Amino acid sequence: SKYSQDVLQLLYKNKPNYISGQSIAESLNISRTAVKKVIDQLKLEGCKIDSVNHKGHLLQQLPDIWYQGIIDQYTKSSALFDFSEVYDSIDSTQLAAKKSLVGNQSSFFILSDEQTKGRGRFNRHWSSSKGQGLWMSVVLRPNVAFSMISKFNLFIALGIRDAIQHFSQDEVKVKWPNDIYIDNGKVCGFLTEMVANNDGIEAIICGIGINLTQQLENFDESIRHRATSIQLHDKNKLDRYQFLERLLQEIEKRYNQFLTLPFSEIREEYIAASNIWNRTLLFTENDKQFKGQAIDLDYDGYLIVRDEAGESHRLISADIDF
């Protein structure tokens, strides 16, 4: 009903204490009995709620569904995010964000359980299954020149990798400039875009797609040997609210780093975290394709590459295959 999110919100807020039906009824000004029906419906959708006579209700565990009422708590206590929008299904969080940023200076993010028109780079398809991943767009408002886009993209990467690392017992590496791998499986793809003019960035929009709970059986045959999910590398059930919380904590740490530090302070760390060294890489640029070795990441974030013909290149971005 109308009141599901509000009831869920009260339950999240009151953890680890129990609140009574009666007390929830008073808050929202509805009947005890409507409170019971709302609570029955949440259990039926897979909320795990302990109901104890004389004590009331305790939210123990959420299902793999995003709830606006819970996300609203994440933004209230956030110093960086003014608000969020949550969707069950939508064309793309990235389209939605590019539409919502117009005409304001808010910082916010958009999450959706499924995307029907998920896009990565160069208009490629990004598989966004219902219930199985974090499909998110983040909009921020750095006072910086439009050339700083690349450097933002370097910082955010370490933020995402760190948040996935906390949950996998296997190594999580960055594949510059736009993906996160565990072994040979891409677990995340992200993409940083901007609205800007000669005078400055108007918004950064970072699209982040993270495979959370797919089994191998869940990926299309076409990508199944090069894709993985956090669950496939975590011995405990992966909890999506716990992940989101850590993801937002890291994004904010790295965003403040971005505003305050040169790339040179994180370069070594980025280097050590990267899986592009010591192996043959395939590069695509429009017509050309070529092979190459990543030699180095320079102090401004360019990849130094020696191609198979011995020519050296200095790249602000690329798309690489392994």
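For every residue, the number given is its place in the sequence shown, counted from 1.
Please compare 38-46 with 52-60 and say which has the higher mean C-alpha temperature factor in the record.
Of 52-60 and 38-46, the stretch with the higher C-alpha B-factor average is 38-46.
Tell me which stretch has the larger mean Cα B-factor in this entry, 112-120 or 245-253.
Per the PDB record, 245-253.
In the PDB entry, which of 218, 198, 93, 178 has its C-alpha at the highest B-factor?
Of the candidates given, the C-alpha B-factor peaks at 218.
Which of these has the highest Cα B-factor in the record: 223, 203, 102, 210?
Largest recorded C-alpha B-factor: 223.
Please rank the C-alpha B-factors of the chain's modelled residues and tell me whether residue 237 sits in the lowest, middle or highest third.
Top third by C-alpha B-factor.
Relative to the other modelled residues in the chain, which third contains the C-alpha temperature factor of residue 77: lowest, middle or highest?
Its C-alpha B-factor belongs to the highest third of this chain's values.
By the recorded C-alpha temperature factor, relative to the other modelled residues in its chain, which third is residue 107 in?
CA B-factor rank for residue 107: lowest third.
Sorting by Cα B-factor within the chain, modelled residues only, which third would residue 85 end up in: lowest, middle or highest?
Residue 85: CA B-factor falls in the lowest third of its chain.
Sorting the chain's CA B-factors, does residue 193 end up in the lowest, middle or highest third?
According to the entry, residue 193 has a C-alpha B-factor in the chain's lowest third.
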